[PDB]
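What follows is target-v5.pdb (PDB, N, CA and C atoms and all ligand atoms).
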ATOM      1  N   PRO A   1      91.000  93.705 104.472  1.00  0.00           N
ATOM      2  CA  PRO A   1      92.387  93.258 104.813  1.00  0.00           C
ATOM      3  C   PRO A   1      93.021  94.248 105.792  1.00  0.00           C
ATOM      4  N   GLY A   2      93.957  93.797 106.581  1.00  0.00           N
ATOM      5  CA  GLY A   2      94.612  94.713 107.558  1.00  0.00           C
ATOM      6  C   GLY A   2      93.554  95.304 108.494  1.00  0.00           C
ATOM      7  N   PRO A   3      93.324  94.623 109.589  1.00  0.00           N
ATOM      8  CA  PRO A   3      92.337  95.047 110.599  1.00  0.00           C
ATOM      9  C   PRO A   3      92.945  96.094 111.541  1.00  0.00           C
ATOM     10  N   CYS A   4      93.900  96.851 111.075  1.00  0.00           N
ATOM     11  CA  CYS A   4      94.545  97.868 111.955  1.00  0.00           C
ATOM     12  C   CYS A   4      95.518  98.701 111.140  1.00  0.00           C
ATOM     13  N   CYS A   5      96.277  99.519 111.807  1.00  0.00           N
ATOM     14  CA  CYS A   5      97.289 100.338 111.105  1.00  0.00           C
ATOM     15  C   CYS A   5      96.728 100.865 109.784  1.00  0.00           C
ATOM     16  N   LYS A   6      95.441 101.064 109.714  1.00  0.00           N
ATOM     17  CA  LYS A   6      94.840 101.590 108.460  1.00  0.00           C
ATOM     18  C   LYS A   6      94.996 103.111 108.438  1.00  0.00           C
ATOM     19  N   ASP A   7      95.374 103.691 109.546  1.00  0.00           N
ATOM     20  CA  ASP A   7      95.545 105.166 109.599  1.00  0.00           C
ATOM     21  C   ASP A   7      96.875 105.509 110.275  1.00  0.00           C
ATOM     22  N   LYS A   8      97.281 104.739 111.251  1.00  0.00           N
ATOM     23  CA  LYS A   8      98.568 105.035 111.943  1.00  0.00           C
ATOM     24  C   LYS A   8      99.368 103.739 112.140  1.00  0.00           C
ATOM     25  N   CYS A   9      99.393 103.203 113.335  1.00  0.00           N
ATOM     26  CA  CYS A   9     100.159 101.950 113.577  1.00  0.00           C
ATOM     27  C   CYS A   9     100.114 101.611 115.075  1.00  0.00           C
ATOM     28  N   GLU A  10     100.156 100.346 115.417  1.00  0.00           N
ATOM     29  CA  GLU A  10     100.101  99.957 116.860  1.00  0.00           C
ATOM     30  C   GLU A  10     101.112  98.843 117.134  1.00  0.00           C
ATOM     31  N   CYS A  11     100.790  97.630 116.769  1.00  0.00           N
ATOM     32  CA  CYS A  11     101.738  96.510 116.989  1.00  0.00           C
ATOM     33  C   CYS A  11     102.235  96.502 118.433  1.00  0.00           C
ATOM     34  N   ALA A  12     101.538  97.149 119.312  1.00  0.00           N
ATOM     35  CA  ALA A  12     101.991  97.182 120.734  1.00  0.00           C
ATOM     36  C   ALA A  12     100.898  96.610 121.634  1.00  0.00           C
ATOM     37  N   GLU A  13      99.686  97.029 121.428  1.00  0.00           N
ATOM     38  CA  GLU A  13      98.566  96.523 122.253  1.00  0.00           C
ATOM     39  C   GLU A  13      97.873  95.402 121.493  1.00  0.00           C
ATOM     40  N   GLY A  14      98.618  94.677 120.716  1.00  0.00           N
ATOM     41  CA  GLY A  14      98.004  93.593 119.904  1.00  0.00           C
ATOM     42  C   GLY A  14      97.287  94.255 118.726  1.00  0.00           C
ATOM     43  N   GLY A  15      97.492  95.538 118.571  1.00  0.00           N
ATOM     44  CA  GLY A  15      96.847  96.297 117.472  1.00  0.00           C
ATOM     45  C   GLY A  15      96.829  95.488 116.171  1.00  0.00           C
ATOM     46  N   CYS A  16      97.720  94.547 116.004  1.00  0.00           N
ATOM     47  CA  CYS A  16      97.737  93.783 114.731  1.00  0.00           C
ATOM     48  C   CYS A  16      97.231  92.358 114.922  1.00  0.00           C
ATOM     49  N   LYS A  17      96.734  91.784 113.862  1.00  0.00           N
ATOM     50  CA  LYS A  17      96.197  90.400 113.927  1.00  0.00           C
ATOM     51  C   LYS A  17      96.833  89.555 112.821  1.00  0.00           C
ATOM     52  N   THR A  18      96.602  89.921 111.591  1.00  0.00           N
ATOM     53  CA  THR A  18      97.171  89.164 110.451  1.00  0.00           C
ATOM     54  C   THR A  18      97.094  90.027 109.203  1.00  0.00           C
ATOM     55  N   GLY A  19      95.917  90.141 108.667  1.00  0.00           N
ATOM     56  CA  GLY A  19      95.712  90.959 107.439  1.00  0.00           C
ATOM     57  C   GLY A  19      96.540  92.249 107.505  1.00  0.00           C
ATOM     58  N   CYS A  20      96.884  92.706 108.692  1.00  0.00           N
ATOM     59  CA  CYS A  20      97.687  93.965 108.833  1.00  0.00           C
ATOM     60  C   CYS A  20      98.595  94.159 107.617  1.00  0.00           C
ATOM     61  N   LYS A  21      98.340  95.167 106.832  1.00  0.00           N
ATOM     62  CA  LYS A  21      99.196  95.414 105.642  1.00  0.00           C
ATOM     63  C   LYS A  21     100.089  96.620 105.926  1.00  0.00           C
ATOM     64  N   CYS A  22     100.043  97.126 107.129  1.00  0.00           N
ATOM     65  CA  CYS A  22     100.886  98.303 107.472  1.00  0.00           C
ATOM     66  C   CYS A  22     102.354  97.882 107.511  1.00  0.00           C
ATOM     67  N   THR A  23     103.131  98.316 106.556  1.00  0.00           N
ATOM     68  CA  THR A  23     104.572  97.944 106.543  1.00  0.00           C
ATOM     69  C   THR A  23     105.361  98.957 107.376  1.00  0.00           C
ATOM     70  N   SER A  24     104.803  99.397 108.470  1.00  0.00           N
ATOM     71  CA  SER A  24     105.514 100.383 109.327  1.00  0.00           C
ATOM     72  C   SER A  24     105.883  99.724 110.656  1.00  0.00           C
ATOM     73  N   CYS A  25     105.164  98.704 111.050  1.00  0.00           N
ATOM     74  CA  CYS A  25     105.494  98.032 112.338  1.00  0.00           C
ATOM     75  C   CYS A  25     106.351  96.803 112.077  1.00  0.00           C
ATOM     76  N   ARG A  26     107.109  96.407 113.056  1.00  0.00           N
ATOM     77  CA  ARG A  26     107.949  95.194 112.904  1.00  0.00           C
ATOM     78  C   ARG A  26     107.015  94.009 113.093  1.00  0.00           C
ATOM     79  N   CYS A  27     106.051  93.904 112.227  1.00  0.00           N
ATOM     80  CA  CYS A  27     105.037  92.833 112.351  1.00  0.00           C
ATOM     81  C   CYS A  27     105.603  91.518 111.811  1.00  0.00           C
ATOM     82  N   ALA A  28     106.075  91.518 110.595  1.00  0.00           N
ATOM     83  CA  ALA A  28     106.640  90.269 110.013  1.00  0.00           C
ATOM     84  C   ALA A  28     108.092  90.510 109.597  1.00  0.00           C
TER      85      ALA A  28
HETATM   86 CD    CD B   1     101.581  99.080 111.880  1.00  0.00          CD
HETATM   87 CD    CD B   2     102.162  95.061 113.519  1.00  0.00          CD
HETATM   88 CD    CD B   3      98.566  96.340 112.242  1.00  0.00          CD
END

Can you turn what I pasted into structure tokens?
Ligand SMILES: [Cd+2]
Ligand SMILES: [Cd+2]
Ligand SMILES: [Cd+2]
Amino acid sequence: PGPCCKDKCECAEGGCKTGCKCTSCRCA
């Protein structure tokens, strides 16, 4: 789950897809 933000965070270069569980980016 969470194919990104597993160590830091991106949400800028498409770093996120869906499973992203990082509650640090304005993803959802
Ligand atoms: Cd993030
Ligand atoms: Cd995100
Ligand atoms: Cd992410």

Explicit residues for the PyMOL selection byres (((not hetatm)) within 6.5 of (chain B and resi 2)) (as an MDAnalysis selection string): chainID A and resid 10:12 15:17 25:28

Got a sec to resolve the PyMOL selection byres (((chain A and resi 3 and name CA) around 10) and not hetatm and name CA) on this structure and send the residues as a short mmCIF file (atom, residue, chain, number, x, y, z; two decimals) with N, CA and C atoms, in the frame of the given file?
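The result, stored in part_0.cif:
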data_model
loop_
_atom_site.label_atom_id
_atom_site.label_comp_id
_atom_site.auth_asym_id
_atom_site.auth_seq_id
_atom_site.Cartn_x
_atom_site.Cartn_y
_atom_site.Cartn_z
N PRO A 1 91.00 93.70 104.47
CA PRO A 1 92.39 93.26 104.81
C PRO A 1 93.02 94.25 105.79
N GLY A 2 93.96 93.80 106.58
CA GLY A 2 94.61 94.71 107.56
C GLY A 2 93.55 95.30 108.49
N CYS A 4 93.90 96.85 111.08
CA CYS A 4 94.54 97.87 111.96
C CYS A 4 95.52 98.70 111.14
N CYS A 5 96.28 99.52 111.81
CA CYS A 5 97.29 100.34 111.10
C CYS A 5 96.73 100.86 109.78
N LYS A 6 95.44 101.06 109.71
CA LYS A 6 94.84 101.59 108.46
C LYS A 6 95.00 103.11 108.44
N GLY A 15 97.49 95.54 118.57
CA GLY A 15 96.85 96.30 117.47
C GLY A 15 96.83 95.49 116.17
N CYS A 16 97.72 94.55 116.00
CA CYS A 16 97.74 93.78 114.73
C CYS A 16 97.23 92.36 114.92
N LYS A 17 96.73 91.78 113.86
CA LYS A 17 96.20 90.40 113.93
C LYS A 17 96.83 89.56 112.82
N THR A 18 96.60 89.92 111.59
CA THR A 18 97.17 89.16 110.45
C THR A 18 97.09 90.03 109.20
N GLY A 19 95.92 90.14 108.67
CA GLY A 19 95.71 90.96 107.44
C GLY A 19 96.54 92.25 107.50
N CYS A 20 96.88 92.71 108.69
CA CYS A 20 97.69 93.96 108.83
C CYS A 20 98.60 94.16 107.62
N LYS A 21 98.34 95.17 106.83
CA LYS A 21 99.20 95.41 105.64
C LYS A 21 100.09 96.62 105.93
N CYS A 22 100.04 97.13 107.13
CA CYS A 22 100.89 98.30 107.47
C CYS A 22 102.35 97.88 107.51
#

Residues within 7 Å of (105.9, 104.3, 111.2), counting all atoms listed in the file, listed as a VMD selection string: chain A and resid 8 to 9 23 to 25

Could you please take those selected residues and save N, CA and C atoms as a PDB file, in the coordinates of the input?
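Writing done, so here's out.pdb:
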ATOM      1  N   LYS A   8      97.281 104.739 111.251  1.00  0.00           N
ATOM      2  CA  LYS A   8      98.568 105.035 111.943  1.00  0.00           C
ATOM      3  C   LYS A   8      99.368 103.739 112.140  1.00  0.00           C
ATOM      4  N   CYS A   9      99.393 103.203 113.335  1.00  0.00           N
ATOM      5  CA  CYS A   9     100.159 101.950 113.577  1.00  0.00           C
ATOM      6  C   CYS A   9     100.114 101.611 115.075  1.00  0.00           C
ATOM      7  N   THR A  23     103.131  98.316 106.556  1.00  0.00           N
ATOM      8  CA  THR A  23     104.572  97.944 106.543  1.00  0.00           C
ATOM      9  C   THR A  23     105.361  98.957 107.376  1.00  0.00           C
ATOM     10  N   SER A  24     104.803  99.397 108.470  1.00  0.00           N
ATOM     11  CA  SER A  24     105.514 100.383 109.327  1.00  0.00           C
ATOM     12  C   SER A  24     105.883  99.724 110.656  1.00  0.00           C
ATOM     13  N   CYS A  25     105.164  98.704 111.050  1.00  0.00           N
ATOM     14  CA  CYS A  25     105.494  98.032 112.338  1.00  0.00           C
ATOM     15  C   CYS A  25     106.351  96.803 112.077  1.00  0.00           C
TER      16      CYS A  25
END
